[PDB]
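Some notes on the structure that comes next.
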Amino acid sequence: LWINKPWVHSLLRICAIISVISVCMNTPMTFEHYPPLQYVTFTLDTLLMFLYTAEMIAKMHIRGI
Numbered sequence: 031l032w033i034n035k036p037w038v039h040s041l042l043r044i045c046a047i048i049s050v051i052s053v054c055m056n057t058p059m060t061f062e063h064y065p066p067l068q069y070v071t072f073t074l075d076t077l078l079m080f081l082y083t084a085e086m087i088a089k090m091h092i093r094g095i
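For the sequence shown, position 41 (counting from the first letter as 1) is numbered 71 according to the deposited numbering, and the numbering increases by one without interruption.
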């Protein structure tokens, strides 16, 4: 349906790459270097978690648990 767009899956893949980058940018030394990076990765993780939870609950609305 709306969440099964041909390009929305590419958006999800790009989001996964962004999540990989963010988790690669989560170190005590990196945060000490740039606490702004700490805030940025927190916000990115929050957005990605929101999107992935939404798509998971939408997907499970059709297929059984």
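In this text, a Cβ means the ideal position worked out from N, Cα and C, and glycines have one as well.
{"query": "Assigned exposure category for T71 - 16 Cβ within 10 Å defines buried", "result": "buried"}
{"query": "C-alpha gap between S49 and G94, whole angstroms", "result": "27 Å"}
{"query": "Sequence-distant residues of the same chain with beta carbon closer than 8 Å to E85, five excluded per side", "result": "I33, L42"}
{"query": "Run of the alpha helix (DSSP H) containing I87, from where it starts to where it stops", "result": "65–90"}
{"query": "Pairwise C-alpha distance: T83 and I92", "result": "15 Å"}
{"query": "Alpha-carbon to alpha-carbon, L77 and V53", "result": "13 Å"}
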